[PDB]
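# Commentary on secondary and tertiary structure
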Amino acid sequence: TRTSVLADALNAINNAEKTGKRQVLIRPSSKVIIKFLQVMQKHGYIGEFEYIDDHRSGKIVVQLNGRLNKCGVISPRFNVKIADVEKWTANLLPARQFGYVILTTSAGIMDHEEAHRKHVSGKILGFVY
Amino acid sequence: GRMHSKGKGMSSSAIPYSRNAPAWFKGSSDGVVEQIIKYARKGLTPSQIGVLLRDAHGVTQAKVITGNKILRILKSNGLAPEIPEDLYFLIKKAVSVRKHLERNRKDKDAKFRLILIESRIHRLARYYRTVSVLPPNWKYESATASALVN
Amino acid sequence: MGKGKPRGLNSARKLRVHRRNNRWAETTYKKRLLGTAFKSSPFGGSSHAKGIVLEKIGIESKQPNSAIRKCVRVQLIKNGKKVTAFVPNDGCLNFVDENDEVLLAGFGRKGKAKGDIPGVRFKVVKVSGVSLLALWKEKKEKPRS
RNA sequence: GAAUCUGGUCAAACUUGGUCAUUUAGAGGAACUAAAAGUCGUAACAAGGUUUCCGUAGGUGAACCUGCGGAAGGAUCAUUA
RNA sequence: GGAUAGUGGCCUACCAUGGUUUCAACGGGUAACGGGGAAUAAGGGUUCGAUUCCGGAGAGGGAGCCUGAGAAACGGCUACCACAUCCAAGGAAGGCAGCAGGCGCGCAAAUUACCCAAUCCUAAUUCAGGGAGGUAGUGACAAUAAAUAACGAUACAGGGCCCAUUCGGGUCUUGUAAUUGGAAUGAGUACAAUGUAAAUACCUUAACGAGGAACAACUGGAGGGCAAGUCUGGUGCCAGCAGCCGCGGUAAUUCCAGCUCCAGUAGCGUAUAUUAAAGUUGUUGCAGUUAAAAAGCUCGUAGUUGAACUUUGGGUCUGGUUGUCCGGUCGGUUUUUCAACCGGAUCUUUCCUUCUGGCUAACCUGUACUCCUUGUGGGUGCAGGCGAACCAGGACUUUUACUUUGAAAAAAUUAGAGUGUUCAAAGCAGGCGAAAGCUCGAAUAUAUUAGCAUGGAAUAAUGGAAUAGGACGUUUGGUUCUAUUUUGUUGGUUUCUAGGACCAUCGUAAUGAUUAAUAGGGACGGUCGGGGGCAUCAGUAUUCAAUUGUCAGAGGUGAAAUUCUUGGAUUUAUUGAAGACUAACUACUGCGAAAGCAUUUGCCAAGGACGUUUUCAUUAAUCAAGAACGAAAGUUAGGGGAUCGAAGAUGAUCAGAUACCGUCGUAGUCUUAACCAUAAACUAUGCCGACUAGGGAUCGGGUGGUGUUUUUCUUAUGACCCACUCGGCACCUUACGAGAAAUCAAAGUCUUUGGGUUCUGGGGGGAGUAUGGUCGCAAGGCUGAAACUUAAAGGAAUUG
Ligand SMILES: [Mg+2]
Ligand SMILES: [Mg+2]
Ligand SMILES: [Mg+2]
Ligand SMILES: [Mg+2]
Ligand SMILES: [Mg+2]
Ligand SMILES: [Mg+2]
Ligand SMILES: [Mg+2]
Ligand SMILES: [Mg+2]
Ligand SMILES: [Mg+2]
Ligand SMILES: [Mg+2]
Ligand SMILES: [Mg+2]
Ligand SMILES: [Mg+2]
Ligand SMILES: [Mg+2]
Ligand SMILES: [Mg+2]
Ligand SMILES: [Mg+2]
Ligand SMILES: [Mg+2]
Ligand SMILES: [Mg+2]
Ligand SMILES: [Mg+2]
Ligand SMILES: [Mg+2]
Ligand SMILES: [Mg+2]
Ligand SMILES: [Mg+2]
Ligand SMILES: [Mg+2]
Ligand SMILES: [Mg+2]
Ligand SMILES: [Mg+2]
Ligand SMILES: [Mg+2]
Ligand SMILES: [Mg+2]
Ligand SMILES: [Mg+2]
Ligand SMILES: [Mg+2]
Ligand SMILES: [Mg+2]
Ligand SMILES: [Mg+2]
Ligand SMILES: [Mg+2]
Ligand SMILES: [Mg+2]
Ligand SMILES: [Mg+2]
Ligand SMILES: [Mg+2]
Ligand SMILES: [Mg+2]
Ligand SMILES: [Mg+2]
Ligand SMILES: [Mg+2]
Ligand SMILES: [Mg+2]
Ligand SMILES: [Mg+2]
Ligand SMILES: [Mg+2]
């Protein structure tokens, strides 16, 4: 089966961005996807993206910016206990300096810097660097 | 990529953009609903019905014109059968292989398939039991399945 | 690829049962879990063993090199088992003599043969309460006969 | 209010068996490993001088051989009409 | 019921048949007391915890009990076993896993010392006692701190150099000499006083106490790994070292000795564990085409995993919190010009759980209208009444996971703040006066497993109205209540009534089902196939036999032989039987879960793809248990046996050869009824899932071409061309991607490490063995060891 759509989508992104396609298509297209992408937009790893409504399921067209390096997804959505964020981001992203860890939470879908300001953690989805 | 075989098809119906009606194809919701419940008393199944509605008459989907699907129409008039449509068509086939094996003791690749169809039924039954269509503590098989058919 | 192992947020058991039952091909873990040290390994899973020199043997070594190695068959005290201990340094089985209490050591290799001495897994240390190196170098002297 | 004493009860232990576990003599057998290096061949590696293999039967003095099927890790990615 | 202090299958009676289990019950093991903790030490972890604290047990075993608040006590007793003491043989006394000591065991561990002064504890208790506890001894368990000379001068050499016609003074600074010289120092002793229970030792010193002979550093190493001997004598494949590599045959840089030298240094080695290194156990984080490793295949329960969809956005104010704008100030502080950031209240088709009442704080007020700058600056003030300003009781909560801060997670440990133990290791001390009294401390953090608390509502699950028995209420009837409050107080009966609950009927509302996943199933359609079962047909073949014909050989040969008939074998032709196979086509073709499947038609059901404005609506993927099939061989049991043909005979060859070849040829082969259940069952590539690159083809579906030809005039099928498309089977080039490479468009999207799942592997062997299951008629399978052994076994490629 097609399991984690988010992953299965971000995989296409990661393939697209690897070759230098200026865009990608993403079949299934969720809230999470869009709130994940929305996050990439707010930092700037991603251009426009255009959610098609198949009178049906979803479908997205992303515009890549040549800025994504990796559009990570961590797989069993591990629960994170606020301090353990530091151990995830340390182990996933290059450097204390720059990068983001896209985590769903009580607050919605933040990145790990926004989630530290708020003082609210939860599950992880993926990351970007 | 198929349940049982290793053949990975997308033989499929597409479904058009419009949840709304294709206006010009006329008739009525009630007229089509009365059209359907004739065929429900003639014995034809939702899947057969909707072909007949589509092929000859101007229906695209009952979903479209009536609002309700078809089984949901038939249920509303008390004409949906005890054993569901899809399951019944497998329970038929099961019998039509259990019958062929009783005659042909030595025939392996039919025994193989019979083990599939049986399993396919117990997939579907176990689904239906959990829905609460068929009552539970009720197994749909082989000896009594011939009686469940006819 | 999914990479073999399961990845569910609720897997755990199919990890933790798998890693119990693969470990078993890790030879470190197997000896620890099955007490080969205790049930076998002449020394009782122990640093050392006092054991009486039953005879001074000369053991003709494996190939490349060629030398008769000057060893001692021992009878380990506690277990009553018999082993064969090497005697390090020029002669020094001369210093060992016959029917002495001899404290043994592992050779180094966690069982197994040290180098070319085929079927000898032990070094003599103390002969009747001294130390071969103390005899060999003659910083200490033997307690008479 | 003592010894004494009638039932109970808890139940050590013994007796004489039965039973699991761990130890441990054991005539004999049958192995497997190290080897100084000896016999007998020389199986495999070269198309290794019957191409190797595998499965599986039979046979032998040993490697081994021979059926059958399979595989090339083949001694061939090749014959067109 | 009995017992117990008490709850209880704790015990007893009678009754019922439960209870646990693959989310590992039960059993076994443990060289297992649990926890605190310990070591290791990026993160994640692993291993250890007998041992200073907290629990629990035990006092040689196993029982039983007295007293007592508290004992199933053992520095109490009774007994039996096991062990042993003392005897005048009648009988007595025992229990160090308290302390000390000894044996024994063992690689392995202290003195039958001095004390209650501390610490605490106990009693009839200031007063007694305490191997609890302290004090030493022994003590290289650990750990902390650091002497093994320092400064001269003269005497011989290195370095700066005023200048270098050659020097050299050496004016300035460093190193070497059994020179020599002045100046300390505790290592030790010892009056004393400290210290102390008394002492020691420590800190402190009266008095002595250094001159190379003393008041002395060892350990290991000195080819590489890995820091450092091609020094001098031996040694001579020995003796030896050597973790590993390896060294040793007369110049061995590895053995053994002297001098050098290295490393560490009052320590360092060795052995076994163990952690790291080990991403060589992998959750993070490994491998599986070939190196070890994908079950032969499919099904399949548990497990684990599982498409998308429901409240988004905009405004309006209002609290902070640091950068700014000057220091407005006596290096610090308070606003504004500004900021981002985090909230809060709301309003947006919007409720945040709702009421029965308490407190309605407040003015939405306006009852008299004014203390009063010409005023909507300002408040004595109470009938209607905004309730969030709190309670105190209902009503009933979709439930979880998840995450928050909180409460708790004994102390020591762990991290860590404060502090002159002389430094530290530590410790909980300390600090400042008139030095007549005063005075800071003894933190904080962690520990995330479970429970409890509260916020949050993404994520994930779960749930609700589709027979609506649904939701509400001005319903209007009812039905069953329940029942307190007054009728003087009790027992009623029925009310008024206010609260349940339950069928009616009248209305209200937008009345109530999300998709219809390039998920899946199922229906339909035309097809497709060497798919399967059962049934027939062929070719034609080989064989024997028949009848037929023709008179010397025909077979065989691997080069060469043997071997057979002639009373025509063979050869030629007609048949017959039998049981086989089922060519040529036949391909980088088809189908099948694989195994496997090609002559024919027929039947039997099944099936993929396809198409589909069909239908259900989460049924799905993978899967330990279990199953279904499963080449050949083998096996029982049948039929047949042509040829080949495991066995055998037998003819040559070779030193020989029961081996090829040669000739024959049972078992089989073939089949039918049973089993077996493995193969290089190999694409040596698990399944699903997505996405990345073109080329051209290739085929099975499907579209479009005034295309071409067929030609029976337009044709219409068919058959191509060309372009693109769903499905299948494989190549070419670059790889910028992978990969150890071979290679691979998957073996890519992996140290820029995470889509889901199942399985397997952890040097080689020993070994697919031993054993035990379990399965088999058996063969054998499945399952599956270690001891022991060994430094390589491999893989891929390079040159030879
Ligand atoms: Mg598909
Ligand atoms: Mg399936
Ligand atoms: Mg040799
Ligand atoms: Mg009694
Ligand atoms: Mg040849
Ligand atoms: Mg050979
Ligand atoms: Mg050969
Ligand atoms: Mg009772
Ligand atoms: Mg124990
Ligand atoms: Mg433990
Ligand atoms: Mg403990
Ligand atoms: Mg113990
Ligand atoms: Mg204790
Ligand atoms: Mg004892
Ligand atoms: Mg007792
Ligand atoms: Mg006691
Ligand atoms: Mg005692
Ligand atoms: Mg003792
Ligand atoms: Mg000791
Ligand atoms: Mg004590
Ligand atoms: Mg001492
Ligand atoms: Mg000193
Ligand atoms: Mg030395
Ligand atoms: Mg040396
Ligand atoms: Mg070096
Ligand atoms: Mg040495
Ligand atoms: Mg380790
Ligand atoms: Mg590995
Ligand atoms: Mg392999
Ligand atoms: Mg979802
Ligand atoms: Mg500390
Ligand atoms: Mg013949
Ligand atoms: Mg074909
Ligand atoms: Mg044919
Ligand atoms: Mg299985
Ligand atoms: Mg066969
Ligand atoms: Mg033969
Ligand atoms: Mg196999
Ligand atoms: Mg395999
Ligand atoms: Mg092994």
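Method of determination for the deposited model, per the PDB record: cryo-EM, at 3.6 Å resolution.

You'll find chain C entered in the PDB entry as RPS23, with Kluyveromyces lactis given as the organism. In the PDB, the entry goes by the title "Structure of the Kluyveromyces lactis 80S ribosome in complex with the cricket paralysis virus IRES and eEF2". Regarding chain C, the relevant UniProt record gives this comment under Sequence similarities (unreviewed entry): "Belongs to the universal ribosomal protein uS12 family."

Named according to the PDB entry, chain B is KLLA0F18040p originating from Kluyveromyces lactis. Per UniProt, the comment on chain B under Sequence similarities (unreviewed entry) is "Belongs to the universal ribosomal protein uS15 family."

## Examining helix α6 (residues 108-131) of chain B
Residues and elements named next belong to chain B. Taking 1.5 Å of rise per residue, the 24 residues of α6 would be expected to cover 34 Å, and the 35 Å separating its terminal C-alpha atoms lies within 8% of that figure. For α6, every residue scored as buried is listed here: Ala110, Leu114, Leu116, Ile117, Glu118, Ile121, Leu124, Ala125, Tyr128 and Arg129. As for α6, its buried residues are in contact with α5 (85-103). Where α6 terminates, the next one or two residues include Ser132, which has phi positive at roughly 85 degrees.

## Quick word on the sheet that holds strand β3 (residues 60-64) of chain A
Residue and element names in this part refer to chain A. Across the sheet, which stays open at both edges, the three strands sit in the order β1-β3-β2 with antiparallel pairing between neighbours. Each end of this open sheet is capped by a strand with a single partner; those strands are β1 (24-26) and β2 (46-51). Ignoring which end each strand starts from, the neighbouring axes of this sheet average 20 degrees apart. When β2 meets β3, the two strands line up antiparallel, connected through four bridges. The partner of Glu50 across the bridge, within β3, is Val61. With respect to the sheet, helix α1 (residues 5-19) is in contact with β1 and β3, its orientation differing from that of β1 by roughly 170 degrees. Helix-sheet contacts for helix α2 (residues 31-43) involve β1, β2 and β3, and the interaxial angle to β2 is about 150 degrees.

## Looking at the protein's contact with RNA strand E
With respect to spatial proximity, 163 residues lie near RNA strand E, and among them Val73 and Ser75 of chain A, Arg54 of chain B together with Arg7 and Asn89 of chain C are the closest. Atoms of RNA strand E within 4 Å of the protein belong to the sugar or the phosphate in 74% of instances, the rest to bases. Between RNA strand E and the protein, one listed contact pairs a base oxygen with a backbone N or O atom of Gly2 of chain C at 3.2 Å. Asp116 of chain C is positioned with one of its side-chain polar atoms (N or O) 3.0 Å from a base nitrogen of RNA strand E. Element by element, the count of residues in the surface near RNA strand E is highest for α6 of chain B, at 14 residues. Class assignment of the residues belonging to the surface near RNA strand E gives a composition of 48 nonpolar, 54 polar and 61 charged.

## Observations concerning the pattern of salt bridges
Using the criterion set out here, one finds seven salt bridges over all chains in the structure. For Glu118 of chain B, the salt bridge is made with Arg98 of chain B, and the minimal N-O distance between the two is 2.7 Å. Pair noted here: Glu118 of chain B is in helix α6 and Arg98 of chain B is in helix α5, with a separation of 20 residues, a long-range link. Accessibility expressed as a relative area gives 17% for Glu118 of chain B, which makes it buried. Across the salt bridge formed by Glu101 of chain C and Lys50 of chain C, the nearest N and O atoms sit 3.7 Å from each other. Taken as a pair, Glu101 of chain C in strand β4 (residues 101-106) and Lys50 of chain C in strand β1 (residues 48-57) lie far apart in primary sequence, 51 residues in all. Classification of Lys50 of chain C as partly exposed rests on a relative accessible area of 44%.

Criteria and cut-off values
Residues numbered from 1 in each chain as written, not as in the entry; some residues may be left out. Chains lettered and ligands numbered in written order. Part of a larger assembly, values for the part shown. Heavy atoms only, no water. UniProt positions renumbered as here; feature names shortened; annotations may be inferred. Helix = DSSP H or I, 4+ residues; strand = E, 2+ residues; numbered from the N terminus. Expected span 1.5 Å × (residues − 1). Buried < 20%, exposed > 50% of the residue type's maximum accessible area, 1.4 Å probe, protein only. Contact = heavy atoms within 4.5 Å. Pairing = 2+ DSSP bridges. Axes fitted to C-alpha atoms, helices over the stretch in contact; angles between N-to-C directions. Near = heavy atom within 4 Å. Polar contact = N/O pair within 3.5 Å; in protein donor to acceptor, adjacent residues only side chain to side chain. Nonpolar A, V, L, I, M, F, W, Y, C, P; charged D, E, K, R; others polar. Salt bridge = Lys/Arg side-chain N within 4 Å of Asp/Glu carboxyl O.

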